[PDB]
Amino acid sequence: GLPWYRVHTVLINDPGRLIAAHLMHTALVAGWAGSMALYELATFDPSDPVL
Amino acid sequence: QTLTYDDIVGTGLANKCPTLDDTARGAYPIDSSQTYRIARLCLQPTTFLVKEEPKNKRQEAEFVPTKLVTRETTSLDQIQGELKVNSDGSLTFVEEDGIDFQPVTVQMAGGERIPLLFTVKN
Ligand code: CLA
Ligand code: CLA
Ligand code: CLA
Ligand code: CLA
Ligand SMILES: CCCCCCCCCCCCCCCC(=O)OC[C@H](COP(=O)(O)OC[C@@H](O)CO)OC(=O)CCCCCCCCCCCCCCC
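Protein sequence lines correspond, in order, to chains B and o.
Just so we're aligned: 21 in PDB author numbering is position 20 of the first sequence, and the numbers increase by one with no gaps anywhere.
Just so we're aligned: 95 in PDB author numbering is position 93 of the second sequence, and the numbers increase by one with no gaps anywhere.
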């Protein structure tokens, strides 16, 4: 069997599942940016941009 | 014109005060040996401003505009009272009765709701 540190090499000669992995990565990054701004808006206080 | 309830109902015009013609700019003679009365006073608000809270450093609070959320429920009408003629010549209105209050709720930036009793009682 593959060792744990090599599981993602199944994609090397598989252009579509490489594209599918790459799309999922992109989904999680955009998801994160969405989530992170939502938490920032829920905790940001905008009543004083001076101090 | 002489409209009717059925003409007005559900349009929002019931929350509107009457208007005079742009050409109506004469003058009402007042007569010391007479006694007067407001038979109808109507007040229709168009804007609600609320003083923001300036921080512990402050500098100066401005009045910030707000958003009406309670709909076309805001107007004072059918207010009556006598109009005295004073001795220095001035005129004084003394509210007696009418629909002289409306609870209104406006909303500030950031979602603070501010209720108030819009009123001219007494
Ligand atoms: C675009 C970046 C990129 C890409 C696409 C790859 C892709 C690959 N790497 Mg490489 N690599 C990279 C960056 C990258 N690497 C960097 C920056 C380093 C230095 C740290 C390495 C060091 C490295 C080694 C030393 C090895 C690989 C190997 C591999 C292959 C198998 C990996 C696998 O199955 O993981 C399996 C991984 C797991 C099952 C779990 C990993 C959990 C880690 C420790 C923490 C996870 C954190 C969390 C998920 C958040 C992500 C981190 C954040 C930076 C975004 C695969 C072709 C392997 C290879 O050559 O195989 C032939 C291998 O031996 N890579
Ligand atoms: C970008 C992320 C990503 C992507 C696209 C892939 C894609 C792939 N992986 Mg890898 N993998 C990843 C991350 C990723 N993996 C990480 C982080 C690990 C360590 C767990 C692994 C471990 C791993 C193994 C062991 C194997 C694969 C395999 C595969 C393939 C089939 C999918 C599978 O079996 O899923 C398996 C991976 C998962 C189900 C990842 C689930 C991680 C969850 C979501 C973490 C959630 C944690 C927690 C809930 C966070 C919330 C907050 C918390 C505080 C409560 C495919 C090529 C398989 C394969 O065919 O290789 C031969 C395989 O056997 N992957
Ligand atoms: C017309 C030519 C064309 C165009 C415009 C692109 C454009 C792109 N390719 Mg490339 N590619 C091309 C030809 C082309 N490719 C050829 C001929 C090959 C060889 C087969 C490849 C093989 C290839 C691989 C292997 C990979 C890419 C990837 C990518 C994307 C990486 C950036 C990304 O996902 O941004 C983020 C994306 C967005 C903000 C939104 C994108 C929305 C678009 C407009 C798609 C809408 C649907 C559309 C009909 C699908 C076809 C798109 C097009 C790529 C063919 C990018 C959209 C990577 C990818 O898919 O990453 C996920 C990737 O892994 N390409
Ligand atoms: C330019 C930025 C960038 C780049 C180059 C990458 C590159 C990578 N990311 Mg992505 N990612 C990014 C930004 C980026 N990411 C952002 C902004 C987010 C959201 C915040 C994510 C979220 C994300 C997730 C959720 C996952 C990835 C994964 C991956 C890896 C897939 C290939 C692989 O098998 O790695 C092989 C693994 C390695 C080569 C090791 C990477 C080691 C890096 C340098 C981190 C070092 C250890 C880490 C810091 C320890 C965390 C411990 C913590 C619990 C205390 C690759 C290394 C996937 C991954 O690693 O799957 C296994 C995965 O699960 N990334
Ligand atoms: C959502 C977020 C998901 C994050 C997922 C979590 C990360 C996944 C797991 C990563 C941890 C990997 C541990 C694997 C551990 C592991 O399996 O090692 C043994 C393993 C042996 O590999 P072989 O080539 O023999 O393959 C055997 C196969 O069964 C491997 O699958 O070697 C490797 O993994 C290479 C790296 C050695 C790792 C060196 C670690 C030595 C630590 C001991 C020292 C301890 C400190 C004490 C001294 C003071």
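Positions of the beta carbon are idealized from the N, C-alpha and C atoms, including for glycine.
With a cut-off of 8 Å on the beta carbons, I'd call o:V108 and o:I116 a contact; round off their distance for me. 6 Å
Under 8 Å from the C-beta of B:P47: neighbouring residues of chain o: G112
Taking the continuous alpha helix (DSSP H) assigned at B:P16, which residues delimit it? Element bounds for B:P16: 16-44.
Pairwise C-alpha distance: o:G91 and o:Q46: Taking C-alpha positions only, o:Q46 is separated from o:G91 by approximately 29 Å.
Does the beta-carbon of B:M37, which I'm using as the reference point, lie nearer than 7 Å to any heavy atom of ligand 2? Every heavy atom of ligand 2 is 7 Å or more from the Cβ of B:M37, so no.
By the 7 Å beta-carbon criterion, what residues does the segment 50-84 of chain o contribute toward chain B? Listed by position along the chain: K57, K59.
Residues within the segment 29-47 of chain B neighbouring chain o, beta-carbon criterion of under 8 Å: Hits within the stretch, in order: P47.
Figure out for me which residue from o:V87, o:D8, o:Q3, o:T13 has the closest Cα to the Cα of o:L22. o:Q3 is the residue among o:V87, o:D8, o:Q3, o:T13 whose C-alpha sits nearest the C-alpha of o:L22.
Mapping the DSSP letters down to three states, classify o:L15 as helix, strand or coil. helix
Below 7 Å, is the gap between the Cβ of B:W33 and the nearest heavy atom of ligand 4? yes
Output, in chain order, the set of chain o residues within a Cβ distance shorter than 8 Å of B:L52. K57, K59
Keeping to the same chain, check which residues put their C-beta closer than 8 Å to that of o:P67; ignore five residues upstream and five downstream. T49, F50, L51
Buried versus exposed call for o:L78 [16 or more other C-beta atoms within 10 Å across all chains shown]: The residue is buried, with at least 16 neighbouring Cβ atoms inside 10 Å.
Quick one: measure Cβ to Cβ for o:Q104 and o:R42, integer angstroms, because I've assumed they're closer than 8 Å. Contact between o:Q104 and o:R42 is absent: CB atoms are separated by about 16 Å, not below the 8 Å threshold.
Compare the C-alpha of o:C44 against each of o:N17, o:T72, o:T25 and name the closest. o:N17
For a test of the three-state rule: what should DSSP assign to B:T10, helix, strand or coil? helix
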